[PDB]
Structures are given as C-alpha cells and as structure tokens.
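Coordinate-derived values only; no laboratory data. Cβ sites come from the backbone with ideal geometry, for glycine too, and all protein chains shown count toward neighbours.
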Amino acid sequence: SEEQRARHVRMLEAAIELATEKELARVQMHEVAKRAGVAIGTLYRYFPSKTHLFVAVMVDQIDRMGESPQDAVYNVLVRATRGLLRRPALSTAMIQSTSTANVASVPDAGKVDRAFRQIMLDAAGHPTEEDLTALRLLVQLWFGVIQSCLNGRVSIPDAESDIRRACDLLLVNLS
Amino acid sequence: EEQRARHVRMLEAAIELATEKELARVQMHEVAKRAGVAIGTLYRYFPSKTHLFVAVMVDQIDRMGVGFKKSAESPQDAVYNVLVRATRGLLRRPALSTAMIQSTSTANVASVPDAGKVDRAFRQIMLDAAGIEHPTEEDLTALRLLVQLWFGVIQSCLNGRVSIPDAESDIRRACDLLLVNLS
C-alpha cells in the first residue's frame with residue numbers, strides 16, 4: 001500500500017538517474033526496472049513507454065518548484081531555468097517527452113499545464129480569466145525559451161534576457 | 001540550375017511521406033526512392049532527416065508568405081492574421097506539421113544551419129505584414145518571443161492539450177500583450 005508508493009518513488013528516481021548518465025534515445029526501460037528493483041511487468045504497467053515515464057518525471061519535477069507578483073513569478077522562473085539548464089540531459093529527456101506526448105496516449109501530459117499553473121499561482125500569491133491566460137501564455141513561452149536554450153539558439157544569459165521581457169510584457173496587468 | 005528541380009522533388013517526396021506516416025516511420029531511403037534520386041544524392045543535400053524536414057519547413061514558410069502577400073487593421077493585427085493563417089494551414093496536415101515542428105525543436109543551429117533560416121523567414125513575413133521596414137531591437141525581441149510562444153501553442157494543439165479556437169484565442173492575447181510597442 002505504501003510499499004507501493006515507495007515502489008513509485010523508486011521508478012521516478014531510477015529514470016531521473018538514467019537520463020543524466022545517458023541521452024534519452026539510449027535510456028533503456030530494462031535499466032530503469034533493474035535500477036528500481038522492480039519486475040519489468042510492473043514498470044510498464046505503471047509507465048507503458050519511455051514517453052509516459054519522462055512525462056511523469058516532468059510532472060513530478062514541476063510539483064517541486066520578491067513580493068510584487070511579477071517579480072515573484074519571474075524569480076521562480078529564473079530559479080527553475082538554472083535548475084533545468086545545469087542538468088541538460090535530464091531536462092532534454094523531460095521537455096522532449098513532454099513537447100512530444102499526445103494527451104490521449106500519455107494522460108500525464110494533460111496534467112503538466114495544470115501543474116505549472118498551480119505553481120505560478122503560488123508564486124503570484126484570487127484571480128479571474130486574464131490572469132490565468134497571462135500565466136498560461138508565460139509558461140508556454142518559457143518552454144520555448146528552455147528548448148531554444150537546450151539547442152544553442154539562446155545561451156543562458158540570452159534565455160534569461162527573454163524570460164525577463166516575456167514576464168514584464170505578458171504580465172503588465174496581473175493583480 | 002538543375003539542382004532546383006532535383007531539389008524540388010526531394011522536398012515534394014519528403015512532404016508526402018510525412019503526410020502518410022509519423023516522422024519515426026519516415027526513412028531516407030524511401031524519400032530517395034520517391035524523389036527518384038540516389039540515397040547518396042539525397043544525403044549530400046540533406047545530411048540527416050532533421051536537416052531535410054528543416055528545409056521542408058523553410059520551403060513551407062516561404063510558400064505561405066507568398067500566399068499571404070496574395071489574397072490576405074493594426075501592426076499587431078496584421079501579425080495576428082499571419083499567425084492565424086499559418087496555424088490553420090499547419091493544423092490542416094497534422095502529421096506533416098508535427099514532423100516539421102519536432103524537427104525544428106531538436107535541431108541544433110550550429111549543426112544544421114538551415115535551422116536559423118526559419119526564424120528569419122518567419123520574422124520577415126510578420127515584419128512585412130506589419131509593414132515595418134526598420135525594426136528596432138525591441139521589435140525584433142518582441143517578435144522572437146511571439147514565434148517562440150507560438151511554436152509552443154501549435155505543438156500543444158497537435159498534442160490535443162488545447163482546442164483550436166482556444167489556440168487561436170491565445171495567439172491573439174499574446175499578440176496584444178507582446179506587441180504593444182510595435183512602431
């Protein structure tokens with residue numbers, strides 16, 4: 001029952017751990033089960049494919065992310081940007097799997113927009129539409145930026161330049 | 001210039017295969033067999049698959065720019081209208097669009113030098129639609145933020161996370177927010 005919940009935490013770190021040692025294309029499901037101490041049936045039972053598993057990693061990694069709402073939100077993005085960019089292999093596994101997952105095939109993928117949101121609301125401090133939209137528009141851009149970062153387009157101080165603007169421009173009138 | 005009709009059939013065939021099967025199921029040897037060319041001829045012109053689909057994207061951005069300057073209210077509005085046009089024509093062939101979008105996401109710019117070109121080609125359609133001839137850097141920045149945000153919305157749409165009217169509605173709000181200072 002909680003043997004079962006620990007079993008779940010084992011698989012996610014196993015996965016995290018492998019995406020660092022190895023690029024996503026070469027991370028192998030059998031290495032994930034073995035390293036997680038689970039039978040291989042159980043692994044795929046809970047994560048039908050590699051995509052399902054690094055989307056679950058994605059969701060789990062978000063759940064773990066000054067005063068003025070813009071600044072706080074901003075500051076949470078700058079803090080999360082630096083986290084993802086000095087683990088670029090793990091970040092790539094997560095963002096590639098996410099940017100790629102169809103929501104019908106990988107249900108957890110329809111949970112990532114909802115999970116970023118809860119943490120933008122928790123960064124900004126009840127409110128209505130325009131807020132959700134500015135906030136929704138902003139994470140989507142931030143993905144772009146992160147991806148654009150993961151592939152030589154923007155560097156880190158370039159990327160950071162753009163999320164600053166993005167924040168200020170998208171959130172001129174957040175309450 | 002025969003490297004042009006040769007070039008065209010390569011792109012042509014790539015488009016049909018990505019139209020019929022997902023990217024993972026698109027193989028260089030079948031593109032070679034469609035374009036009626038040697039595999040080495042194809043590899044010469046597109047060192048890998050991600051190269052080829054980046055070039056397909058550039059051709060497709062070039063093509064829609066043409067069609068926009070053909071039968072098409074503020075700068076931010078005009079820019080909205082191009083984005084709406086592209087979103088629509090991409091969403092009409094999801095399978096092909098997915099291959100072009102995924103290709104442009106994974107394509108390191110140092111390694112595949114056409115990867116830059118798409119940002120540029122795009123940026124110029126919008127600049128033109130807005131009728132700005134002399135971009136301030138603030139303008140360029142704003143538009144780099146837009147196509148970035150935009151790519152996300154489409155990707156999201158293809159994956160079934162947002163509906164299409166809401167994708168469109170989000171591209172509008174973004175235009176209004178991002179392009180306040182467009183002179």
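Name every residue in the stretch A:134-167 that is closer than 13 Å to B:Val153 by Cβ and of a type in the set (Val, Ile, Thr), in order of residue number.
A:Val139
Can you tell me which residue in the stretch A:87-135 is surrounded by the fewest Cβ atoms within 10 Å (Cβ to Cβ), limited to those that are outside any helix (DSSP H, G or I) and small (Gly, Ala, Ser)?
Only one residue fits best here, namely A:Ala104.
Take the conditions acidic (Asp, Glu) and over 29 Å from A:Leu132 (Cβ atoms) and apply them to B:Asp128. Does it pass?
yes
Counting only residues that are polar (S, T, N, Q) and within 23 Å of A:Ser161 (Cβ to Cβ), which one in the stretch B:107-144 is farthest from the other protein chains (Cβ to nearest Cβ)? Outline the logic, then answer.
Taking the stretch B:107-144 and keeping what is polar (S, T, N, Q), we get B:108, B:111, B:124, B:136, B:141.
Subsequent filtering for residues that are within 23 Å of A:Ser161 (Cβ to Cβ) retains B:108, B:124, B:136, B:141.
Details: B:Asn108: 5, B:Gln124: 18, B:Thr136: 13, B:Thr141: 6 Å.
Across the stretch B:107-144, the extreme among qualifying residues is B:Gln124.
Considering every residue within the stretch A:63-77, establish whether at least one is within 29 Å of B:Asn108 (Cβ to Cβ), under 16 Å from the mean Cα position of the chain (by Cα) and in a loop (DSSP other than H, G, I, E, B).
Checking the stretch A:63-77: at least one residue is within 29 Å of B:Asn108 (Cβ to Cβ), under 16 Å from the mean Cα position of the chain (by Cα) and in a loop (DSSP other than H, G, I, E, B).
Please work out which one of (1) in a helix (DSSP H, G or I); (2) more than 15 Å from the chain's Cα centre (by Cα) is the condition B:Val162 fails and give its number.
Single failed check for B:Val162: (1).
Cβ-Cβ distance below 8 Å, separation of 6 or more or different chains: which pairs start in the stretch B:144-166 with a residue that is aromatic (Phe, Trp, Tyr) and end on one that is in a helix (DSSP H, G or I)?
B:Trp150/B:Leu83; B:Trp150/B:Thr87; B:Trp150/B:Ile171; B:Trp150/B:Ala174; B:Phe151/A:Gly144; B:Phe151/B:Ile101; B:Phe151/B:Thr104; B:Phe151/B:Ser105
Any chance you could count how many residues in the stretch B:145-167 are farther than 18 Å from A:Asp113 by Cα and either surrounded by 23 or more Cβ atoms within 10 Å (Cβ to Cβ) or within 7 Å of chain A (Cβ to nearest Cβ) (or both)?
Counting residues in the stretch B:145-167 that are farther than 18 Å from A:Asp113 by Cα and either surrounded by 23 or more Cβ atoms within 10 Å (Cβ to Cβ) or within 7 Å of chain A (Cβ to nearest Cβ) (or both) gives 2.
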